[PDB]
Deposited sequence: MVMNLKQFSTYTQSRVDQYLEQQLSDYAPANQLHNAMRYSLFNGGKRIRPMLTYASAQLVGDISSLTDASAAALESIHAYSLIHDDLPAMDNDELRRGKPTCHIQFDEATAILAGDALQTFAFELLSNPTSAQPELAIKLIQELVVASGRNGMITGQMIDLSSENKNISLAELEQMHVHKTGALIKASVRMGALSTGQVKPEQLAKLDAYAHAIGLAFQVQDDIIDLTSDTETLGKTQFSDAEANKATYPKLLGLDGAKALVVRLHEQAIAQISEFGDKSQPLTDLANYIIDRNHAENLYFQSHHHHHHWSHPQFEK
C-alpha cells in the first residue's frame, strides 16, 4: 500500500493526465479551453485523492474512478472560479482573463464534469447513472450551491453552531462525501455497510477541516472557536478525527491512504 507521499504523487499525476486527455482539442473552443485549463491546472487534488483511496479500500481503481475523480475536480474548480467573482468574494481567472470569461469557464467546467461521467467508452451505464446522481446531489441545490447560498445569506447575521455546521456540510462537506461515495461505487463492488462507514468517515473529515481552519485563522462573523470556545473547537477536531479513523479501522492496510488523508486534510 502507498504511503502518503507516494499515494499523493500517484493520484495527482493520474488525475492530471486523465483530465488533460479528456479535455480534447476543439478549435472553436480554443479560447474557452485556455481559460478552463488555466483554472484546472494548481491545487492539491484532495477530492481525487479521496476518490482513488476509497476505490482502493473496497476494490480496484477503475475507469469510472478516473471519471469520478476528474468530474469532482472539475466541479470543485468551477466553484472556485465562480467564487472569486467580484459579486461574491474577490491571479484569479477573471484577473488573468476577464469576468465574462471566468463565468463561461466555470459553466463549461460544470458541463465537463458531466461529460466525464457520460463518456461512451464506459460500458457500465447503470453505474454511470448512479455516479451522476451522486454528483448531482452533492453539487447542486441539495449540496454545494445551497451551501454557497447559505454562506452569502448569512454574511451579516451571526448564526448558531447548528446553522454553521449545516452551511459547511452543504458548501464543502457534500463534495468530500461524494468523493468517497463515488470512489467506492466506481469499483462495482461496494456493499451498503461499507458505504455507510465511508459516509461517516467523510462527514467527520469534512467538518473537521472547517473547524481546524477557524482554529488556524485564530493564530464579527460566526466561527467554531467563537461558538464553542477555542478549547471546545480543538476538542471537536480531535473527536471528529477519531470518529473518522474509527469508521475505517476494520479494513486493515487498505485503509492507510484514507487514514493518512484524514490527517493531511484536517492538518
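Sequence ranges absent from the coordinates, based on the deposited chain and numbered from 1: Unmodelled stretches, in sequence order: 1, 43, 93-99, 229-244, 293-317.
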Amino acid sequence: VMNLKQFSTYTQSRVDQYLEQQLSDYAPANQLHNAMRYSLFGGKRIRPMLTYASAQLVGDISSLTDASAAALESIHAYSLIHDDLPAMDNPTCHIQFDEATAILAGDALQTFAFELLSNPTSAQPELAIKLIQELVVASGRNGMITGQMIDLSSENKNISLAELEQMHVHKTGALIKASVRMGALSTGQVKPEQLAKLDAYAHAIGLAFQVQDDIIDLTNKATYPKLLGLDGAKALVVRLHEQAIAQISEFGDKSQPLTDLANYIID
From here on, numbers count along this sequence of modelled residues.
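196-204 versus 220-228 - which carries the larger mean C-alpha B factor in the record: Of 220-228 and 196-204, the stretch with the higher C-alpha B-factor average is 220-228.
Out of 245-253 and 16-24, which one has CA B-factors that are higher on average in the deposited record? Result of the comparison: 245-253.
Between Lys171, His94, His76, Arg141, which one tops the list for C-alpha B-factor in the PDB entry? Comparing C-alpha B-factors across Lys171, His94, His76, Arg141, the maximum falls on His94.
Could you say which of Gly106, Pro86, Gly183, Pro125 has its CA atom at the highest B factor, as listed in the PDB entry? In this record, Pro86 carries the highest C-alpha B-factor of the candidates.
Divide the modelled residues of the chain into thirds by Cα B-factor and specify which third, lowest, middle or highest, holds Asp213. It falls in the middle third of the chain.
Ordered by C-alpha B-factor within the chain, which third holds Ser160? Give me lowest, middle or highest, please. It falls in the middle third of the chain.
So where's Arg239 on the chain's Cα temperature factor ranking, which third? It falls in the middle third of the chain.
Where does the C-alpha B-factor of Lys177 rank in its chain, lowest, middle or highest third? Lowest third - that is where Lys177 ends up once the chain's C-alpha B-factors are sorted.
Please rank the C-alpha B-factors of the chain's modelled residues and tell me whether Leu152 sits in the lowest, middle or highest third. Its C-alpha B-factor belongs to the highest third of this chain's values.
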